[PDB]
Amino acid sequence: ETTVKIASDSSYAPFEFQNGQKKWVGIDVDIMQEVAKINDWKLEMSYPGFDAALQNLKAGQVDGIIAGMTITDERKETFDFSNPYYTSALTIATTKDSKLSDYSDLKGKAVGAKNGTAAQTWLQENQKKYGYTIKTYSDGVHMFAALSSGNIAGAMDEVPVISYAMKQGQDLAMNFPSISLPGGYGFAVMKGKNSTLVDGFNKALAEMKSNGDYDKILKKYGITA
């Protein structure tokens, strides 16, 4: 009944990614599809990439974005957000048999993050305090390979990313604290616009938490912390 165009990232597991059949799957895909059905929306998903999705949203070529997008006060100056649909935390992953548990245990060790991330910033801000060296990576495939090889002692990323990788059978544990960003992940529209879409998102999310569909989706993608 109402056509709703949503843009998303092209590859950001477990939020949105293609499986082996090239079907779009992930937490964001499954949530958005169920929200649309609850609200009687005809959903038209596109996957141009995070940056392109933002460009398209601002130009009015799409109506909203869901793309592992952390809610921040700066972003709220441009966008209106839903209630968060998942908590947004960071953590340092280790290999499965690692006994590292505390930040002081990284002294003298190398710790990875992806270039241009909150994780990179945290590591930079805490390097002198705990005495590790930092290694920067292009993507998760390279960072986690380095962790499994022992070339780094830890890899800092978003908790859902590490959880998914773990569920897939990667050699990983979550031995360190979760560092919370308060915003959570949100559905976004342009500021002042499409408040009915945000409200339908909010109402559907509440129903899904209530009826257990929300928890089914998280467990499908191995999201446990």
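Residue positions are given as counts along the sequence shown, with the first one as 1.
Per-stretch averaging of Cα B factors for 120 to 128 and 82 to 90 places 120 to 128 on top. As recorded in the PDB entry, 172 to 180 is the stretch of 172 to 180 and 63 to 71 with the greater mean C-alpha temperature factor. Remark: of 32, 198, 156, 165, 165 shows the highest value [criterion: C-alpha B-factor in the PDB entry].
Residue 56: CA B factor in the highest third of modelled residues in this chain (values from the PDB entry). When the modelled residues of the chain are ordered by their C-alpha B factor, residue 203 lands in the lowest third. In the PDB entry, residue 111 places in the lowest third of its chain by CA B-factor. When the modelled residues of the chain are ordered by C-alpha B-factor, residue 20 sits in the highest third. For residue 146, the recorded CA temperature factor ranks within the middle third of the chain's modelled residues.
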